[PDB]
Amino acid sequence: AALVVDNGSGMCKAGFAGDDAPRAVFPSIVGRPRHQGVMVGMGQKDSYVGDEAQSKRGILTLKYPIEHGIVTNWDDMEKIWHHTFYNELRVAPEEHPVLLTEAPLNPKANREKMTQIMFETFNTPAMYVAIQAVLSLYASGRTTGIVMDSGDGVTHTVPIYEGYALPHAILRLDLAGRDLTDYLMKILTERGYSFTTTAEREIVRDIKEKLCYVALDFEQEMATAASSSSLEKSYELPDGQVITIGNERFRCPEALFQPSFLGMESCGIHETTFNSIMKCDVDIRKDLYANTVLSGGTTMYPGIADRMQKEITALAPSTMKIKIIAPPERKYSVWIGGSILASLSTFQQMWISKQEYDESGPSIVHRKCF
Amino acid sequence: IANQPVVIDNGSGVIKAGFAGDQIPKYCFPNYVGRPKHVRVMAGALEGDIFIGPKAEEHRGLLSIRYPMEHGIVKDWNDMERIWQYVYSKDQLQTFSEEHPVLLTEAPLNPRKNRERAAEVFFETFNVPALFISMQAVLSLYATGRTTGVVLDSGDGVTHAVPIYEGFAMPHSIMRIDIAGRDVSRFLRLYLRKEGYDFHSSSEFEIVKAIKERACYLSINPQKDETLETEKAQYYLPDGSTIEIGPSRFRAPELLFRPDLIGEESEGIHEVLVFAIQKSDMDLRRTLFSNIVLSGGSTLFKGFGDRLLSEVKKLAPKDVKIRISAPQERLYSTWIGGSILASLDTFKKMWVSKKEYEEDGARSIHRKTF
Amino acid sequence: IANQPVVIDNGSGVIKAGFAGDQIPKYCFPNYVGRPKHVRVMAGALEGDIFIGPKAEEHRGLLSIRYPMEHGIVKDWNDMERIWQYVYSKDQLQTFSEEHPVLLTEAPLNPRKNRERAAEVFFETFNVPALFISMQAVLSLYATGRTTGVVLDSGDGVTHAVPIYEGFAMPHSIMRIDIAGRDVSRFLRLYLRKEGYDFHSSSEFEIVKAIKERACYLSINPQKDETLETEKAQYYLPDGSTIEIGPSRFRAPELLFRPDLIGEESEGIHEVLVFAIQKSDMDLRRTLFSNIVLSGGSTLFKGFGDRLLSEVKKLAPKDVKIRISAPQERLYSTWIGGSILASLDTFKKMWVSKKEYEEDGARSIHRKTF
Amino acid sequence: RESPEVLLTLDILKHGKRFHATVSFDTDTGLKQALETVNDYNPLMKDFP
Amino acid sequence: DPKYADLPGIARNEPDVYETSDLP
Ligand SMILES: Nc1ncnc2c1ncn2[C@@H]1O[C@H](COP(=O)(O)OP(=O)(O)OP(=O)(O)O)[C@@H](O)[C@H]1O
Ligand SMILES: Nc1ncnc2c1ncn2[C@@H]1O[C@H](COP(=O)(O)OP(=O)(O)O)[C@@H](O)[C@H]1O
Ligand SMILES: Nc1ncnc2c1ncn2[C@@H]1O[C@H](COP(=O)(O)OP(=O)(O)O)[C@@H](O)[C@H]1O
């Protein structure tokens, strides 16, 4: 009936309406191998993608096809697309309307180009693209709630009230764990470890997710670490090397609270979210403390909820009862919300068909996508 | 009869309703305008856009609350009909316009066009079989049991006095200055900005109204109490912010007695009533000194009655008897007086027949109300 | 006397100072604080960290902008202390505060606490012999010579209209709303956000400011010119960049008349101006159209007044006579009128004797000032 | 059916991450269709002389 | 009475009629 395809600069998923588990799950990164000059036989694919590239990661360099929403090449993106379709479902696009997502700050020409090629290349019957946060609170069970996206390269605070919201109220900083990966990789380089290719990035993001827990005050934690190095846990890589880090682990996500680690002339996630709350009604802000909804794939780290809670606790008065909604499945929940969205017939009455672009052109993209 | 008359207690800002003989209006609510202001994507919100109730008193950050009753004189009669349809709602009245007699409350000396347009409404859109509008002063005397008196009242931006013995025709002996608390609340908001507190929204203004009517009094000795030091005790916002007492809650309501401070030459209730006494006759003025029929819901503040009596002492000569009608339910007393008024024998002839509207209406309406 | 009165022209965006008789602009400068940004140990560098001037407007990526002034209201008074010390510089002042009289500008309706704190510095930390602060509108009117006047102007953050005639202040007739150029920059950035151009830094902010007072003009037709097809010729930037014209440049000041698009509700500059005219009297209203005011340096636009006059046509009745200038320096005008004002005979009574400030202070000035 | 507490409990049931109650809440409740059916019969059947 | 209960309230510790000083 539909064609549900969750997206992401990393995590790109797919399936259909009513499906609970995304059929397609893979890193949406573009792998480019070491094409050298000497001869060779029996060939290979021009450029393997994600899982295809991860399979032979030793040559394949999974560079980023998108950059906080800045898609580098549409062609490569389509190669990802086409192969993913004819990799996972192997179904033609003329079957059902497609379902895709996006986020703001994007120049309208990108989403226009996107949908334009989506009709060009695929000739789908209808189609649709939305905002991840909508599916987030949509799958949560509220029409009034503030959430924040922390993907691989995105961050955005969305406050909603009975479905209503304001773009002025919705704030955004497209910065995420990829930056942390850079920071972590270079500080471990300072510790004495080599990091050149993209595989370095893969291993460090791996162990990064494996160790970015959240403590409270790095001063006393640092004091205890220097006092007792028992927290400095060891880990042996696929290669014989075994690193020992304790501070590094949890202090790497502290940059989310402090741009000082990178010197970004910015604000902390908590106070940024606080200002998002500040752009509201005195009554609904209380509901934001009640509807303290959390999302983002880079929020699968234990401790930060209590941190952010304590932050705003120090910010907001005592009467502001904090009620953090912390789903540990928010990553996949957007795709799931897309399926649920694909289940409500009225929404499936609302569409973006062929003739709309064929005649109307891309202005209906501005007034119809959302 | 099951076709019991309908008592509708209007007011510049408040309105009540019920049947004949009832002692409490089961429906009491304000007078305003409202419509949403944002955009939802996910459904599940409320629709109708002009709400009256907890949802209206809850989703204040969405609607645009206005007031068509300019000093009671309404201009969005259509929206009032919408409100009257809400008055006939499934939880409100469930009756039809052609099923019951209707008694209506009013403010005097208004243009004929008002009653004209109202007759058009309740005889064309609504189709009332028996409709009648009168003066609450008579209803007030009914609710108090007295017969002769000087009935003074205050709405929200409306004040008027009716010194008349038993309903005798004395139009030249009537005073009216329509100004009260709404602008005082705006004036309070002015004081707020004066000490750094800017407010502009409709809902925001209503919260200020709650502040005013919640926290206001009258320091009997203006200059003297000004020389002394205040308290500036702080009430707290829904978030919980500073709400000091300031010079405000007592100095601002005195403007009702020194109206020139707003930049308008007027007289002040005291002088107004004194002029009304001068509008009376020396062979009756002694009774009129005893006749002190006070009313008005806005009047319910501290330092009001007794200080106003001191004002009278400064104004009225020797040998004057204080006999003030002053329960706080004088608003409801109008509704109650109209309820008992509806429960009468001669009341049939007192109203206006629907067929009379079918014949001429207008002039006959002015003839029956006089 | 050698103790020439020190005129101080403090506004929101534009900020200056001066002296009596010395007509010509002394020293121009912006309204913020310049903090350092990076570290090193190497020699050959300037230190002090409080940098204002050529080095501030030269080393933008080395110094952050601090605006404690919020719509003419500063929160961190110490920043003003540093600013005033920069004024006290003998490259800027060459004199002492305690040896010369001082006059200063101020937008009205600001909280008294600001004035209190200011005078605390202005007398306690600097025993200034004479000081008086007033409204820039008054100074401008003194610069004109019309006894009349409805000062309509905007700095970089406050819209304001002052109706007056022969100095007669009708505070109920005078109005203001804190909005101007700061949001113009913000909205400019908003269009940049719409087209992917993040310019958030303090340096980036001044770049946007250059765009503001560089890439701007207008159009008398909002949607008639908005729904068309643009050309968007690129323009060379101070980096080496070149970006399009954008219709948005003239679309941005329409937000001043349609703030609902930015979200907050207001009325319209000219509309509130008309409301002030409505608060005046019939006879004076004719003079109000005769007495128009060229004020606010933000107003520098092509066909600006044309569009506003068209709005007047849409609002005022016939027989409206309004005319135009050949303006010289709308900015400096106020400061110049204040300089002439400072050069007056009876003007000596206008200050505040510091000894009285020692005795009573603020409250006495508040009652002595308007 | 207008019972707010009943509909309230239904809302809690839906909020328990099973929002499928609207299906039976709208399909079986074709009460409005029967209401308009009798409203179609309102000038002829109802108020019949 | 419930009349004063179901409504926002009537006179609090103060009557309606007052009186001038003795021998006015
Ligand atoms: N299980 C996990 N534990 C910890 N962190 C995770 C986990 N899964 C993903 N992340 C973080 O999320 C980012 C990977 O991308 P994510 O899973 O958020 O999907 P995505 O591609 O970001 O979706 P979008 O690009 O639409 O936001 C990385 O920064 C990584 O640190
Ligand atoms: N605590 C209070 N004290 C005095 N007045 C109040 C208080 N609360 C509300 N009011 C005002 O009393 C007024 C009631 O008088 P009424 O004649 O009903 O006004 P209206 O004519 O506007 O309906 C209301 O307008 C309301 O603003
Ligand atoms: N050409 C221009 N376009 C837009 N804004 C301008 C232009 N020239 C000056 N401005 C702005 O106008 C403001 C001048 O207003 P002014 O009446 O001097 O008040 P203030 O002294 O508070 O700035 C300054 O803030 C300046 O940034």
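How each quantity is defined
Residues numbered from 1 in each chain as written, not as in the entry; some residues may be left out. Chains lettered and ligands numbered in written order. Part of a larger assembly, values for the part shown. Heavy atoms only, no water. Residues with missing side-chain atoms left out of burial classes, pairs and counts. Helix = DSSP H or I, 4+ residues; strand = E, 2+ residues; numbered from the N terminus. Contact = heavy atoms within 4.5 Å. Nonpolar A, V, L, I, M, F, W, Y, C, P; charged D, E, K, R; others polar. Pairing = 2+ DSSP bridges. Domains from an automatic or database assignment. Axes fitted to C-alpha atoms, helices over the stretch in contact; angles between N-to-C directions. Parallel < 35°, antiparallel > 145°, perpendicular 65-115°, else oblique.

**Student:** Can you tell me about the overall build of chain D, naming the residues and giving the values?
**Tutor:** Looking only at helices and strands, one finds three helices and zero strands in chain D. Its helices and strands taken in sequence order, chain D reads α-α-α from the N to the C terminus. On the principal axes, the C-alpha backbone points of chain D span a range of 50 × 20 × 10 Å.

**Student:** Account for the interface of chain A and chain B, naming residues and giving values.
**Tutor:** Contact with chain A, which involves six residues of that partner, is made by eight residues of chain B. Tallied by class, residues from the side of chain A that touches chain B come to four nonpolar, one polar and one charged.

**Student:** Please provide a residue-by-residue account of the sheet that holds strand 4 (residues 102-104) of chain B, values included.
**Tutor:** All names here are of chain B. Strand order in the open sheet formed by six strands is 3-2-1-4-5-12, with mixed pairing between adjacent strands. The open sheet has two edge strands, strand 3 (27-30) and strand 12 (352-353), and neither has a second partner. Sheet analysis places strand 4 next to strand 5 (residues 130-133), joined by three bridges and oriented parallel. Bridged to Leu103 within strand 5 is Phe132.

**Student:** For the domain arrangement of chain A, give the residues involved together with the corresponding values.
**Tutor:** For chain A, the domain assignment lists domain 1 (1-132 + 334-370), domain 2 (133-174 + 268-333) and domain 3 (175-266). Opposite the eight residues of domain 1 of chain A that make contact, domain 2 of chain A presents eleven residues.

**Student:** Now, about the environment of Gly246 of chain A: what can you tell me, with residues and values included?
**Tutor:** Residues and elements named next belong to chain A. In this structure, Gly246 sits in the loop between strand 12 (242-245) and helix 8 (247-251). On a C-alpha basis, the gap between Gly246 and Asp182 in space is 18 Å, while along the polypeptide they are 64 residues apart. Residue contacts for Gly246: discarding those within four places in its chain leaves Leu231, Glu232 and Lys233.

**Student:** Got a sec to walk through the packing of helix 4 (residues 132-140) of chain A against helix 13 (residues 330-341) of chain A? Specific residues and values, please.
**Tutor:** How two helices sit against one another is set out by the angle between their axes and by the gap between those axes. All names here are of chain A. With their axes 8 Å apart at the nearest point, helix 4 and helix 13 run at an angle of 80° to one another. Classified by the angle between their axes, helix 4 and helix 13 sit roughly perpendicular to one another. Two secondary-structure elements touch here, helix 4 through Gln132, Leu135 and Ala139 and helix 13 through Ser333, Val334, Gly337 and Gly338. A class-by-class count of the residues in the contact of helix 4 with helix 13 yields three nonpolar, four polar and no charged.

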